[PDB]
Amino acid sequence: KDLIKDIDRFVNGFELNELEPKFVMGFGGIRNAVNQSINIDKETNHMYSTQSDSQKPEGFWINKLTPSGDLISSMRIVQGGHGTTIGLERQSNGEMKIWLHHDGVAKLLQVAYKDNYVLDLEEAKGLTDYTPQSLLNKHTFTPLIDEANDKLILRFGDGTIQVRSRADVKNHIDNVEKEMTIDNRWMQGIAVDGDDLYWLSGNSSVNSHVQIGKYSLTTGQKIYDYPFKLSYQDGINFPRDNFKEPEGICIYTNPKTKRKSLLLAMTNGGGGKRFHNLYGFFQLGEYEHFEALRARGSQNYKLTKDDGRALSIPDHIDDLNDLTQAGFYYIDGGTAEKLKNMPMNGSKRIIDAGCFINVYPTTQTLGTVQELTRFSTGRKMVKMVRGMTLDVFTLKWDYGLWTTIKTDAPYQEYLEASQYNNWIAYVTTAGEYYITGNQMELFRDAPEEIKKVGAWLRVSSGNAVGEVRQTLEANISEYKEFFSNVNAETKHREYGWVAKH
């Protein structure tokens, strides 16, 4: 007897104060401001939210969102009021209509939603009024809808709840089917599911607990108050910037399983940095409905380690040519010293330290780019990129030449003659380097005129025959500059240094 009454409660129960709140997904909105309301369109899985527009007579935005919380479009109700609650009613032709109270014209409206559209005041005046006959000159309410029973509920400032038939209001029929009274801490959201009414309250402080009160529309009295703690960025009651404001609730009934969820919108983050997170209370198995919706819009390919560390290259990779899989990698100096096919300037390995390797998300045919960033703190950071493509018939790779992204720091890119076999001609990678007087003496192809003094070395891009022009500018108080062409591959110098001075 009892074991079944326990299993049925756990499997089929939907008593709010017995359910655990769980994070569902984040969601957006056009405004850099807190959220206000949240609603689900059960026929599409679209989400709709409202936000203030922050204007002299307050208006609000309506945001149309993907099932994963991304912004599709927004609609502004100029001087429409706070937009505390709205009601969704999808029409037969697939167009969405929004039940809202336009405070500017003092009318209950059923507006057609339009993508990235501004509903100015002059248009709102010409729209059809659906305000009930008994509610003229009494415009202190906002509407919401009970989808399961097709009810249009009106919430009044003084705390009056009016349950009406949506079809009745659409047909200009004034009939109040149910009326109850709701009553430091003020209203943050309201949702109605049949006989059950839910009342969200709590302020943004970390010290203010979030609470949902459950009421019965037949009895008219409170069943219970349900305080609860949510897990934020850093855990329970540790939200980013110590801000956690409740911003609306809605009941969702799964069209297929007919089982229920109560969704809760929270805004976290500090001033000018607000972002919105959806939480929920679920019957057994219903969290998966929204997890799948989140997963569809999530990043499902791993770009970094789960703790924010860059990926490490597999142990079996001993050749940069084989690191063709997209991701953000890092290799330490030891690995950079041994990997095959690293960028060279003759005998010198250009990347002579640890290195970030950004392998681009690939083309549709698995082509990609390797972007290397030499990781040092005492020298400039070198950035180089090369591309590569895969032949889908031979399954062999073709690797392109290296492009250098120009970088410079207030410290020298020092050239040690011995590392280049004492050949300036080895340096054919574009960029600016410095040769000290001591090293100039050791370079075999240094210009005699400045054999014992330092100079900046500048290397140009290639010409049509694969040659690059090297320029030496003497680091002295008089103008002395030389140039000479070098073949980038063979390092053969075309002619001796030519003086410009």
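Residue indices: 1-based, along the sequence shown.
Unmodelled residues of the deposited sequence between neighbouring positions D183 and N184 number 4 to 9. The mean Cα B-factor in the deposited entry runs higher for 129 to 137 than for the other of 129 to 137 and 384 to 392. Averaged over CA atoms, B-factors in the entry run higher in 246 to 254 than in the other of 305 to 313 and 246 to 254. Annotation for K260, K229, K178, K348: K178 ranks highest, by Cα B-factor. Highest C-alpha temperature factor among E432, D70, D41, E448 per the entry: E448. Among the modelled residues of its chain, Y479 has a C-alpha B-factor that falls in the highest third according to the deposited record. Per the deposited record, the Cα B-factor of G378 falls in the middle third when ranked against the other modelled residues of its chain. Annotation for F356: CA B-factor lies in the lowest third of the chain's modelled residues.
Placement of the Cα temperature factor of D408 within the chain: lowest third of the modelled residues, per the deposited record. Per the deposited record, the Cα B-factor of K56 falls in the highest third when ranked against the other modelled residues of its chain.
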